[PDB]
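Heads up, the chain below is alone and in the form deposited in one PDB entry; it's given as structure tokens.
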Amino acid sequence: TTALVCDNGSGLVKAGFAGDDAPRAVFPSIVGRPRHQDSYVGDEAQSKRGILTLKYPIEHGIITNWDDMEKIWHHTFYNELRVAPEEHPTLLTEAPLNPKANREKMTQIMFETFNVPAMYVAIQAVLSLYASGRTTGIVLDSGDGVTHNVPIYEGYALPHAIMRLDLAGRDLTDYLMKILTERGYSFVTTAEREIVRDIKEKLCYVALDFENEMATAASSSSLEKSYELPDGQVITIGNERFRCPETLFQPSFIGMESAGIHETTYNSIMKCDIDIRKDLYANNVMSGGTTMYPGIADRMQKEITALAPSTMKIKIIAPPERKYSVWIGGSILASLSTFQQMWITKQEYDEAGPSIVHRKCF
């Protein structure tokens, strides 16, 4: 009996088998329907977004289209992994501070629709910490929907100190679409959103000193990069390369009054007991695709240094595989017999209903 591990990201499904060192199925968490008023899922919807309008059933870590999310789960089991879900205990993941109905309904569908024999819901940032080989540290996890800071001490998240920001990769893609349109291009449609997401992933970076980089960009073309669109046109991107992820540190770039990710990290540490803060500062672990920008670790090191006491030892850990750290932490934990002992069984669900998730998970 092999367990399944499914990390349902706002942007990407990462799924596979406990004990594997990587997810065997990674595909867009999207459902596509004809743009001209049937449905397609995942890579295939992405492949012919030319005639589809694409919709994400998860927004900011929360399932907002339960009918389409069921389609995504069905596709993951039957079409990608090609397994029978009733035969596999399944580990799911969630961002912290979600509305409680989200994981209640995840539990209901898994047992009532897919008839899994057992399941469990784990906090994403905690899985990433264990994947880094730590029990104490503070995780910054940023995917396509949510950025969250979770400080963890002796293996347990500290919920009073968790910080959450509904600003992540999709907001950055949207912002690149906006500022590229201001350069003379026009990126508006859901298909064009996917083009700009690819530009973002290939060409953006976090400037170490934003004002200096802005001046470098005006002084010459040294920072400019070219990009070939699907139709063959070649565009040029300049200071948009680093203005787009600058939004993580300056959320006002998209009209948000929130603290930037350096400040939320600092605020999260300051919510923790004084005597553990040095260990948190020395163990800042980044996970998720929106932590993949070149330059982000160095920028975080600089910004936290400016916020922290002058002698504080600060370290950013940026695992090269951190687009998959949540999944890998799940694959490790689901390979342990005692972790699976804690899972919700179908029988327990039958007797207790969706509330069972709060007794056995959170």
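Counting begins at 1, following the sequence as shown. Basically, rigid core = biggest C-alpha set you can superpose within 1.5 Å across the two forms.
Gaps at residue 67 occur in none of the other compared entries of the protein that contain both adjacent residues, all of which model it rather than a third dropping it. Gaps at residue 38 occur in at least a third of the other compared entries of the protein that contain both adjacent residues. Where residue 37 is followed by residue 38 in the displayed chain, the model omits 4 to 9 of the deposited residues that sit between the two. In this entry, 237 to 245 has the higher mean Cα B-factor, the comparison being between 237 to 245 and 122 to 130. In this entry, the higher average B-factor at the C-alpha atoms falls on 161 to 169, of the pair 280 to 288 and 161 to 169. Out of 264, 136, 250, 226, the entry records its largest CA B-factor for 226. Which of 174, 154, 86, 144 has the largest Cα B-factor in the deposited entry comes down to 86. Remark: residue 361 belongs to the highest third of its chain, ranked by C-alpha B-factor as recorded. Among the modelled residues of its chain, residue 343 has a C-alpha B-factor that falls in the middle third, as given in the PDB entry. Residue 196: CA B factor in the lowest third of modelled residues in this chain (values from the PDB entry). Annotation for residue 59: CA B-factor lies in the highest third of the chain's modelled residues. Ranked within its chain, residue 305 lands in the highest third, by CA B factor from the PDB record.
Here the subject shifts to the form deposited in another entry, a form of this protein not shown in this document.
Candidate set 253, 187, 130, 249; criterion, C-alpha shift of 2 Å or more between this form and the one not shown after rigid-core fit; matching residue, 187.
Remark: with the core as the superposition reference, the CA shift of residue 263 between this form and the one not shown stays below 2 Å. With the core held fixed between this form and the one not shown, residue 273 has its Cα displaced by under 2 Å. When the rigid core is held fixed, the Cα atom of residue 339 travels 2 angstroms or more between this form and the one not shown.
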